[PDB]
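Chemist: Below is a structure I'd like to ask you about.
Chains as they are written, first to last, in the deposited numbering: chain A, 761 to 811; chain C, 711 to 760.
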């Protein structure tokens, strides 16, 4: 009884794994390329003086 | 002395073999309760498994 349900919590957590994985993964792509274009369109000397 | 000796030995073997045979079969009772309440829990969470 416990084996089967918890080997399933294995597969379910494998699932929840991948959910949290690609969740933060593409949230990361989001914010990282956000600030990519931010600072690239800014320019080296521009952001240097702004700071 | 030996008369009430065999008296006492039987009189206590009485309240002894009473709980003894009760123990025998209450035990084999729990033995099959085990074999059974096994298949109870074993497949409750086999469907709930799925």
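C-beta: ideal position from N, C-alpha, C; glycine also.
From residue 791 of chain A to residue 753 of chain C, what distance separates their C-alpha atoms?
Modeler: Roughly 47 Å between the two C-alpha positions.
Chemist: Would you say residue 759 of chain C lies against chain A (beta-carbon separation less than 8 Å)?
Modeler: Cβ-Cβ to chain A under 8 Å: yes for residue 759 of chain C.
Chemist: Using beta carbons (cut-off 8 Å, strictly below), is residue 765 of chain A in contact with chain C?
Modeler: Judged by the 8 Å Cβ criterion, residue 765 of chain A is in contact with chain C.
Chemist: Looking at the C-beta of residue 768 of chain A, does it have a partner C-beta in chain C at a distance below 8 Å?
Modeler: Closer than 8 Å to some Cβ of chain C, the Cβ of residue 768 of chain A qualifies, so yes.
Chemist: Return the first residue and the last residue of the alpha helix (DSSP H) that residue 777 of chain A is part of.
Modeler: Taken as a continuous stretch (DSSP letters only), the alpha helix (DSSP H) holding residue 777 of chain A covers 762-802.
Chemist: For residue 790 of chain A, decide whether its Cβ has a neighbour in chain C, counting only Cβ atoms nearer than 8 Å.
Modeler: Not closer than 8 Å to any Cβ of chain C, the Cβ of residue 790 of chain A fails to qualify, so no.
Chemist: Residues of chain C with CB under 9 Å from residue 762 of chain A, in chain order?
Modeler: Near residue 762 of chain A (Cβ distances below 9 Å), the residues of chain C are 751, 755.
Chemist: Go to residue 742 of chain C, then tell me how far its alpha helix (DSSP H) extends in each direction, as first and last residue.
Modeler: That run of the alpha helix (DSSP H) goes 712-757.
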